[PDB]
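Novice: Let me start by giving you these chains from the complex, positioned as in the assembled structure:
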Amino acid sequence: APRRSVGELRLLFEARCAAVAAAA
Amino acid sequence: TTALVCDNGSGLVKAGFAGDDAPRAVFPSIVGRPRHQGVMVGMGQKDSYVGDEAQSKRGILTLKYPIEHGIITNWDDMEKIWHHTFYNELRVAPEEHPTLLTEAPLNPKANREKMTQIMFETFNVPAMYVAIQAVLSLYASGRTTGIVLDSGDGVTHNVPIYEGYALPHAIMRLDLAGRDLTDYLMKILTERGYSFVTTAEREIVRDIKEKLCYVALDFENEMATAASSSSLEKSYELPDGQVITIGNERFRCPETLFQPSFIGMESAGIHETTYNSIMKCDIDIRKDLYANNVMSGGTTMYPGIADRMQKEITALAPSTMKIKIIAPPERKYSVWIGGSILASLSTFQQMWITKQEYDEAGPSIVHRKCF
Amino acid sequence: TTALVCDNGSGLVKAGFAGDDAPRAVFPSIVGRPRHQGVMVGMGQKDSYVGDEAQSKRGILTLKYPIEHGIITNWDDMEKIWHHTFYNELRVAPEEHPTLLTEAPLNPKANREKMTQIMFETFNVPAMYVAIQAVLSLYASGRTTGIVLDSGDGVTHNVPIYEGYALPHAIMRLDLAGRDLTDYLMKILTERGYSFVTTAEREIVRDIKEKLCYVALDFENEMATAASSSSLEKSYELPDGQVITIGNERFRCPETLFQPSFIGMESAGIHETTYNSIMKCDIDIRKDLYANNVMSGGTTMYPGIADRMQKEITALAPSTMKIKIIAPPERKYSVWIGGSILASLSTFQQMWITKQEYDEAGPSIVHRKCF
Amino acid sequence: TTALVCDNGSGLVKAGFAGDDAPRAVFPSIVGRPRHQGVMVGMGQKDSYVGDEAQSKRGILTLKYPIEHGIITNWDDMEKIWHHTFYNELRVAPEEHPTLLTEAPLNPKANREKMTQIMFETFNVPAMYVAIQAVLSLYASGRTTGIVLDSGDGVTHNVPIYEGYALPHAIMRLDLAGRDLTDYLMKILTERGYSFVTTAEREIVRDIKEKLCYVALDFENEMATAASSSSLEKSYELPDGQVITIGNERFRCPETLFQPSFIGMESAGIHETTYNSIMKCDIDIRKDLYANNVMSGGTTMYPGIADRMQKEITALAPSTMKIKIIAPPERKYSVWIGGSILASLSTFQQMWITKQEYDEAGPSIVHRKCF
């Protein structure tokens, strides 16, 4: 599998936390 | 101000600013003190050497590790390692940079407290946190669900996680890692007469371990092949140019992870403790833990360890389960990369231990806030 | 505006617009709250899971049912289940849609009152009604006359009806249903060591009950056959791929409907309470009740339950009586289909509790208008 | 011939002749096998050690318990424990002595069958019986009515009884007992760095648990007192003379009986499961169960457990009920004393499984005769 940067991984957890904050 | 991530694991310090892709200071967590007389004046002959300084002077220093089995045993020297990390390697004043430390789970609360005392009163850092290394290793892999297997220099531990929600009763820690592998490699290299006994030689056998060793896929058949043919033998050149040759020791060394009884350790192997950790989890989530084994830490770098681990868990786990192991490249740095993510995450800025909270609550605060 | 039918029975919510042939939202009446320490970022902002989400996260949640034995025990969570039903599943604002609720008979008037308060003051619904589930179950069959046997997750009840004119003295309610069957199945699966104890495991034994169990036609001879041969054994695969095998438990579980003493329940069985309900009816109508036993509710779905019920009542009832059981397909949804009929019947538009009547008369109004 | 009573509970075997006041053989239900090399010839170096033999050699043996959660997992070693019990400890030939075994309720029928097979075909015993441990625990108190709480090494179970007539639907079994307390004590002793990991160390932490631990009367206030002052700390001396000191761990360990969520167990606590067991009973008899709580099993020996249990049930039960707990001295041996009564009761001599009945009916007989 290819690498992904810390920027992209941060964007994953940002998007997930936004998703749960909208679900909350 | 940009946060600071300092993975004081055992054996190697990994440190660097948060948001960087890789730790810009990686050096051994060693303090060395001159072993011999001080014959030659006109030099500082300084009392102590740390990190690459100590490696560059290895053969005249009594090397010591101040963190042992993930436990800091020697705070006077660990405070030297932190001083070196901040002022000499990262070249930064910690009183401007909130520092994300990390430690292994199931670890004496005195350590987390003394780290807190030292960070807030010696280094005056604005804020601090102490994440569990295995939780960071999920951040570095973009997961929210999985078992993490971290296997360091001093400790190995399993932490299962499911959409968050680490299962604290299913955590396991083994106290078997790269130092026990180095010392067993020294013990078996004694079987053909390469006597290594000094800590400098321990530090050379660590290099022999990293360069030559690999994990056998089928230990009995690899042992029989090494007995029947020299094809598995490899030659290595010591710092003085003495060649050594190594054979079944090459895979007998890391095999002790799967067969701890080789070092007299009673515990179940790392595959068995991985399975037993999944078996402590609720039966609904086990299928996703099997589908999300994450491997991290330097002693997971052995060639074939992912294949052997997959074979062994596929033999342990029910035949339907899709046993999958996420053992990427740079999994050696995944704990730091996970700290670099977490410390730079927008929502984590609530989580810091502020110095006001330390002035209000003393070392006890870090049991209340940190997991 | 098209009316709305929301069968808040136990175990499953069935909801959908009136005039539809089938409920477009069917999901478990479960609220689940996290059981474990939330270590990662990206959780805990959401702290309560409802319905299919609670099933998708089953193994980290303390699942709870807020309606128990047809009685709503936990209004704070039931109001969450209604919120989820209207806004997330049906995606509709209740203040435009008059809502036909339904409940079991012989049920605390505090429930019908609190449902009224919640519907008119939390959800502002234009109008509301609370039909008896068994009366609804006739409409889905097209009968005007019959015994209805409703057997849900939490309660089982018999309501005889003749051209209208439900006989309120002959209504019977048993408090024995699919939860007591699930818990007894767990107790007997313990007899060969499948220890299920968590609510996640209770929710798996519910699936085992639905997939494998059936009602024996002749319990003593089926028990002897399962004792003499393995032909009745079936294998099932747990969420982690562990296979289990089940034998006489497969029909001993639903047999407790006919022999409540298996769970220590004192009462007569469901065949006996059906017969005794017909025996409470006036002697002229009994022949048409025997000719019109209607079965409804999910726990009437067991294979062979209609055959066993017909055998047992034909043994109870006089030899001339043409004992007939109307146990159609979709009888699991017949209470909702009956509500979908009734709410769209033009004669019924007189019957709604209007919000003006609630503003005039408070919760007490729903005892005056509704049966 | 005088009957024989052999309480193969978990953790400790209690065995002795019927009519004796106390078991004359009490020893741990452990089989240990040599862990290390066999360097020193001129000795038997025998393959296996059991009971006090294994304790006397603890630090060179891999100790194992062949009965786990009240379930015999390892019949090859359990048959060694029975052989040791009969021939080495009691020094008696079982072919003359009918043996009253006992086991926990809600337990796999394969166990009761294999115990029957082993007793009648390996030990040729003239007759056998398998009483429920909680039913035995009444006889040692002299009650005919009560809710027995047995809390062993492997399982804890509640059995309400009224003039006889155990209520089988109200029986509850928890799978939480002294082994889970030992393992949690090891996990929390890790919090200040007493790393116990071997089974020998597990067997030392069992002793620490027995010597030091107690049940807090008011856990929050005891925890605050242990946080504010060292007065609750006690020192203990390990087999090598290393002193350890223990504080809030001293009552946090047995508190997990009342708060199983500490070990991640979802179930209600032992006070709540006692109350729920009384709540499964018919409402007339509950007052006499409240008046006759009987405590038995070694994990009921903690100081203050009766006071805490009485406080918690008095908070659960209605204010009028005279909550009384019968937790006498020797309640650790009450199951054996109850067997010593029952096996010597003249009414019981009808109840034995004779070997003729086993030759006629195979292992299946012990489900027909025994409760």
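Specialist: Yes, it's here. Numbers count the residues shown, from 1 in each chain, chains lettered A, B, ... in the order given.
Novice: all strands of the stretch 101-250 of chain B, in order?
Specialist: Using DSSP state E, counting those that start in this stretch, the strands assigned to the stretch 101-250 of chain B run over residues B:127-132, B:145-151, B:156-162, B:172-173, B:234-237, B:243-246.
Novice: Tell me the gap between the shortest one and the middle of its chain.
Specialist: When you say that, I think you mean strand B:172-173. With Cα atoms, centre = their mean, to the nearest Å as the basis, strand B:172-173 stands 14 Å off its chain's centre.
Novice: That strand vs chain C: in contact?
Specialist: No: applying Cβ under 8 Å from any Cβ of the partner chain, one finds strand B:172-173 separated from chain C by no less than 15.9 Å. (Each C-beta comes from the backbone N, C-alpha and C, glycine too.)
Novice: And that strand, what does it pack against?
Specialist: strand B:156-162, helix B:270-280 (3 or more Cβ pairs under 8 Å, 6 or more residues apart in numbering or on different chains; DSSP states H and E).
Novice: Let's see the last one as CSV, backbone CA atoms only.
Specialist: Written as CSV, here are the backbone C-alpha positions of helix B:270-280 (Å, rounded to 0.1, in the frame of the first residue of the first chain):
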residue,chain,number,x,y,z
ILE,B,270,3.4,-12.8,21.1
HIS,B,271,1.0,-14.6,18.7
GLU,B,272,-0.7,-16.4,21.7
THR,B,273,-0.9,-13.1,23.7
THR,B,274,-2.4,-11.4,20.6
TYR,B,275,-5.0,-14.1,20.3
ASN,B,276,-5.7,-14.1,24.1
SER,B,277,-6.1,-10.3,23.9
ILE,B,278,-8.7,-10.7,21.2
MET,B,279,-10.3,-13.4,23.3
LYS,B,280,-10.7,-10.9,26.2
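Novice: on contacts alone, who are the packing partners of it?
Specialist: Partner elements for helix B:270-280 (3+ Cβ pairs under 8 Å, 6+ apart): strand B:145-151, strand B:156-162, strand B:172-173, helix B:286-290, helix B:305-316.
Novice: put chain E on too:
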Amino acid sequence: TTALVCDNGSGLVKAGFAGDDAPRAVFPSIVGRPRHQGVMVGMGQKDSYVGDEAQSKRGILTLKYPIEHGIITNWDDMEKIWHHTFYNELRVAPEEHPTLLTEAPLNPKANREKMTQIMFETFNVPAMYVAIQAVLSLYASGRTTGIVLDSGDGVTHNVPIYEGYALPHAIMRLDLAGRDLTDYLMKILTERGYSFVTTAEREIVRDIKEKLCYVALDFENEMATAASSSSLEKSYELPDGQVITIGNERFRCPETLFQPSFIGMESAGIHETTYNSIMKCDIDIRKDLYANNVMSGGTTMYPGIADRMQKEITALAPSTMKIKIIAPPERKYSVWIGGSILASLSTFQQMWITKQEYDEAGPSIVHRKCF
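Specialist: One more piece, chain E, placed on the ones above:
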């Protein structure tokens, strides 16, 4: 035929028949070859002298030891030492006598293999075995349990044992022994000008070491006493009648066992490596190792070494532990006496490597059978 025991340790051969109380051939493991011209014909002037021959001719021979640090470095001369042992000293044909060899632990497998090849193909011996010297040292004491500390001419090693079952992970070997003590004694005797440089003079300083040296009980105070007064000085007479006088060198020499840094050896002292060996053992057995320290080998003969060792371990070990040292008379011969026991033990006659097994399996057999 009566077995034969030949302790080819370093420095001295001890050899004799099994069952004898003491080795009937004790002589130095030296080969000497003429250093000078061959001026005087009419004599054999033979090419080589061994043992007492070489000592009787010491000052014209280049003495060499063919076994160095317990490792045989010079097989061509070791085969001369074995030839001398069998044919000249014991005056016996090895083809009738099964020979128990012995070697130190953690020793190159090439040595044990070449010893096997030489015994079975040069000396045709009927059978052979290679016991660990420390395991033999228990038999001479009659213990079954203990740490053994063997301290020879070339190596020092610790082996803990418990009822059998040597703990192989806790074995330690130091490579510091009587030769390093002799060479350090030469280095410090140079401090007052007794220049010893030839191997003949090394062999005289070995005698000075044996006659005069002792181990200080409190090294700092003995050093201060030797500095303040001549009372500790002793005079010795060299082979040519030159008197020498010796002072603080008398205890500074054997002190290097406790302070290896005097010879630049980094390792912990023999008391510290004894304690660390006990600390590698499981915590249950440590009390019996403390109660059973066995000392063996010639360099344990120094006056006061048992007192110093007891003081140092009592300072290391926990205050309760009954530190006891079994340092009997004849502990110099205890390894041979242990071999004389073992080789004559009737249980051991199974253990011999027969020549048939060597013809079947070659030198590799001696890793499979022998420990």
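Novice: Re-run the earlier check on what packs on helix B:270-280 with chain E in the model.
Specialist: Under the contact definition 3+ Cβ pairs under 8 Å, 6+ apart, helix B:270-280 sits against strand B:145-151, strand B:156-162, strand B:172-173, helix B:286-290, helix B:305-316.
Novice: one more time with 10 Å, if that's ok
Specialist: The helices and strands touching helix B:270-280, judged by 3 or more Cβ pairs under 10 Å, 6 or more residues apart in numbering or on different chains; DSSP states H and E, are strand B:145-151, strand B:156-162, strand B:172-173, helix B:286-290, strand B:293-296, helix B:305-316.
Novice: and the ones you listed as TSV, adding distance to residue E:143 and mean neighbour count?
Specialist: Shown next, in TSV, are the helices and strands packed on helix B:270-280 (distance: least, Cβ to Cβ, whole Å; neighbours: other Cβ atoms under 10 Å in any protein chain shown):
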stretch	distance to residue E:143	mean neighbour count
strand B:145-151	40	27
strand B:156-162	37	27
strand B:172-173	37	22
helix B:286-290	50	24
strand B:293-296	47	26
helix B:305-316	41	18
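Novice: list the contacts for residue B:239?
Specialist: Residue B:239 makes contact with B:58-59, B:200-201, B:204, B:207 under the criterion Cβ atoms under 10 Å, 6 or more residues apart in numbering or on different chains.
Novice: separation between the closest residue to chain E within the stretch 251-371 of chain B and residue D:330?
Specialist: Chain E sits closest to residue B:264 of the stretch 251-371 of chain B, with a gap of 3.5 Å, by Cβ to the nearest Cβ. Distance of residue B:264 to residue D:330, computed by Cβ to Cβ, to the nearest Å: 42 Å.
Novice: how about residue B:38, phi and psi?
Specialist: phi -110, psi 40 (degrees, to the nearest 10).
Novice: Residue B:264 and residue D:330: who's more crowded?
Specialist: The neighbour comparison of residue B:264 against residue D:330 (other Cβ atoms under 10 Å in any protein chain shown) goes to residue B:264, with 18 against 13.
Novice: doesn't residue D:35 make contact with the more buried one?
Specialist: Yes: between residue B:264 and residue D:35 there is a contact under Cβ atoms under 10 Å: 8.2 Å.
Novice: put chain F on too:
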Amino acid sequence: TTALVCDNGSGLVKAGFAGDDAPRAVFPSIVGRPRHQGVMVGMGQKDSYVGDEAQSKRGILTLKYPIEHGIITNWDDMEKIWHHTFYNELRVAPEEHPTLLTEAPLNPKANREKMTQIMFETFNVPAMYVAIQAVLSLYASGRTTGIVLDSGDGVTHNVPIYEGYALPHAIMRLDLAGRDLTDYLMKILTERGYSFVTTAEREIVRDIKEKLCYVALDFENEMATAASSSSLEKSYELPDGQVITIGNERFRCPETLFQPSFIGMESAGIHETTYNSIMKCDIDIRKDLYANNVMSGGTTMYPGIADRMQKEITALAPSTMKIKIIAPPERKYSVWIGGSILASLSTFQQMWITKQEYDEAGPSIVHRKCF
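Specialist: Adding chain F to what we have so far:
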């Protein structure tokens, strides 16, 4: 006041002020006393002559060296040599100039004490120090790390050093140097009849050694070449004009450094003792010792000695090691130049033994402070 450096080595005194580039007094360490009658009055005929005085009168004096094998044997004459050094050669009053003496390592402490007594009580010098000659020899090269090979008139010694930190256990001293070369040259010049027997003739053969001798690169082939052809023969003219001719003696003389057995010395050669000294060092530093062999002392001045030493160590050392020899010009004076550096180094002014310290502590002080 400017310090004073006085290298009382054997054979030649080198003395001069610190900070000078070269010793301004170099003269032989000889005392000569008239051998014959005092026939001719009218002259002082003085009792003793030293240095160039003794050389100018060589043939009527019994020349003696008061320092032999680096040991001062004759303090009454050595005090004359120091008197001559200060008052006649350097023409300076020692009571103003702190004097850096130096001596070989592994040398009787009585010498260092008597030198201290003489300097502080005969010459009243303000301060004194006694550096190891090989440590001084590094300063003249500018190294901090290296083997030093010092080869004087009386002693040869190896001292390995690494960034400082001389390894005292790896120091070796050979007692073979230019006097043994002179005496062997006299013995082999006897083979063609140049009988030299007086000390005056010994002093002429020292000149023959310095002028003619060289070290063969390949001794066997040079010996064969000198046997086959006269091309290697050289002619020399004695003080009386008698011509002598010399052949294979020309390189057989200094070959004895590499083959001490020529003079019956048993020790390994200077190449072998250099290698064995590196082999006493820890394996990490050996590569820098191989890269930094420093040669010093007059007997390293032979043509080709660096080439022969490099060949021999490259044959001894592992094939990869970059064997390098730092044998510069003026390496005869490098010990003095190193003292001229050290005595004028500002860091060293802490290190002097002050006369106050001698008045407090006597001769014993120079073992405590000086290395």
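Novice: and what packs on helix B:270-280, now that chain F is part of it?
Specialist: Helices and strands touching helix B:270-280, by 3+ Cβ pairs under 10 Å, 6+ apart, are strand B:145-151, strand B:156-162, strand B:172-173, helix B:286-290, strand B:293-296, helix B:305-316.
Novice: who in the stretch 201-350 of chain B is up against chain A?
Specialist: By Cβ under 10 Å from any Cβ of the partner chain, the part of the stretch 201-350 of chain B that sits against chain A consists of B:326, B:328-330, B:337-338, B:340-342, B:344-348.
Novice: tell me, how many neighbours does the closest residue to residue B:9 other than its chain neighbours end up with?
Specialist: Spatially, and ignoring its direct neighbours in sequence, residue B:9 is nearest to residue B:152 (5.2 Å; Cβ to Cβ, 6 or more residues apart in numbering or on different chains). Residue B:152 has 26 neighbours, counted by other Cβ under 10 Å.
Novice: State the distance from residue B:152 to residue B:14.
Specialist: For residue B:152, the distance to residue B:14 (Cβ to Cβ) stands at 11 Å.
Novice: Overlap of the contact sets of those two?
Specialist: By Cβ under 10 Å, 6+ apart, the residues touching both residue B:152 and residue B:14 are B:7, B:332, B:335.
Novice: neighbour-wise, which of those leads?
Specialist: residue B:335 (29 neighbours).
Novice: ok, that residue to chain A distance?
Specialist: According to Cβ to the nearest Cβ, to the nearest Å, residue B:335 stands 13 Å off from chain A.
Novice: picking up where we left off before, which one of the helices and strands packed on helix B:270-280 lies closest to residue D:180?
Specialist: Of all the helices and strands packed on helix B:270-280, it is strand B:172-173 that lies closest to residue D:180, at 15.7 Å by Cβ to Cβ.
Novice: got a list of contacts for that closest one?
Specialist: For strand B:172-173, contacts defined as Cβ under 10 Å, 6+ apart pick out B:69-70, B:104-107, B:134, B:149-150, B:155-160, B:267-268, B:270, B:273-274, B:276-277, B:280, D:190, D:195, D:197.
Novice: roughly how far is stretch B:31-51 from the heart of the chain?
Specialist: Offset of stretch B:31-51 from its chain centre (Cα atoms, centre = their mean): 29 Å.
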